[PDB]
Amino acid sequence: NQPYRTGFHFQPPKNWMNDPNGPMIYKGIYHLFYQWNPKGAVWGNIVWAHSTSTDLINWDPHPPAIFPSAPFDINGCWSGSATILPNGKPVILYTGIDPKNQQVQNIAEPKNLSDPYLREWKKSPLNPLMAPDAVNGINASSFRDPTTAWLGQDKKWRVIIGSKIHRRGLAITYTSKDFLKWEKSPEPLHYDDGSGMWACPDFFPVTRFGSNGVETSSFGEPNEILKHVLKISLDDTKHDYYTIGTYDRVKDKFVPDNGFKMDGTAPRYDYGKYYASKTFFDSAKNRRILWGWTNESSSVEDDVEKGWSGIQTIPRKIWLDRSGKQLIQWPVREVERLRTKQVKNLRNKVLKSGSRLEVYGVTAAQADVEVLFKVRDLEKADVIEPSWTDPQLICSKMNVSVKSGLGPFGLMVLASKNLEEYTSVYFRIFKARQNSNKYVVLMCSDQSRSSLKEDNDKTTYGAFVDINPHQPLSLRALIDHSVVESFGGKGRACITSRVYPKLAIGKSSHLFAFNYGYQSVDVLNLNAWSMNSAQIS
């Protein structure tokens, strides 16, 4: 049986899944391709598997669209993106592995534009459109993951491909005026020395104030003020980072805001298990949607034993925060449809020092839970230790057993009856070292005690939240058997973790709200929703 298969998260019926590939919307239908091993629970024989939806939650299967069948992709069909041409026509640019094991860029387009499921795709015998050679001097073994392409104000298409040269990450930009003949621009859009391979790049605009998404090609109105986000997947650190800045269309370079740097010190989308992110414009609801890949935290032996590996996070809506400092993410509202009509609700309850409160009457391994925490006296908070800068290091140096003035308080999810197994998601509040009344809010996802099985990835994840602890603290968790997605400060901080409990499964799982800090905290409001399964394949 399968106690770790997700109820409502996207995953194939069996075996290895990888990056999300070319997400898009065509003729009112959502499309999601992905890297898949059609015959193994490890990486290998990789092809573009294909599924579709009308709500981004329930998915219908289709035979693999892009698979090795030609010289330009004979040894593999790696990640890529989908562009929607101004005439509504969709195209895919993807990385193929050639007879010499070189990473080359191939175009593919639909065979029957009237088929709204876009079942079969044809490849141009002119592929590769973009390839390494002796004159460009591009590293043949690191030249992959082409982005969604944008059209500039000089009627020329621009697209970037992630690469590297001697420990220098760079986003190589190409230009075309017909989307068939692509010439390499003399200089990259951006680069960074020190950070390794610049995998899964992404480049998209956002409005300075608003929740609504922006079309990729858009220059905006004469009244609408725009900023740009460059996102990259660092292969060295295995994380996804982004910076916010301005797109100099003259010099064709990306200039990050004052303070940002495009390396391992940039903001992340998710401070847990989260890789190879890709966005697309959803013209139906005028929103930008983020897809992310979460790989398995269990041993490889366990993966082949259960016969599958890798799930996809429930899609997030993304926009720019009012303060302009960071991006905000929130699970697409369609997921809220899976909530049972019945809803367990608790309000105005006081968790005193070293206390717990079980949430009764919910399917505790497949649920959605939202908490509001009110702190009583803010000057009871401890002052942050001078050289405490890495939020992940705070959460691992001091577990739930080590107490602060304020914190740990939050949720204990996927928990056994007598608490032999629990995954804790909590807050800690410190005073900042500054002269003013500034506070540091910490959000941890501790999975050191998450499973009795010894050889699982027990790594603890951590993040700072940009919220004011004068106001009530917001925490949300989507729980799905082996995956939990934690959301702090209304999507200002996101943590995904993977848990494989030996006791806390299905009927036997529990849910707790807790507090181990010196001072008691108020639970202003608490709502738990049992979650229905989704029709995915």
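The first residue of the sequence shown is number 1, and the count goes up from there.
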{"property": "140-148 versus 337-345 - greater average Cα B-factor per the deposited record", "result": "337-345"}
{"property": "Average Cα temperature factor in the PDB entry - higher stretch of 118-126, 462-470", "result": "118-126"}
{"property": "Out of 270, 235, 282, 221, highest CA B-factor residue", "result": "221"}
{"property": "Deposited CA B-factor, highest of 512, 487, 500, 48", "result": "512"}
{"property": "Residue 358 by Cα B-factor - lowest, middle or highest third of the modelled chain", "result": "highest"}
{"property": "CA B-factor ranking of residue 508, expressed as a third of its chain", "result": "highest"}
{"property": "Within-chain third of residue 17 by Cα B-factor, per the entry", "result": "lowest"}
{"property": "Residue 437 - Cα temperature factor, lowest/middle/highest third of chain", "result": "highest"}
{"property": "Ranked C-alpha temperature factor of residue 186 among modelled chain residues, by third", "result": "highest"}
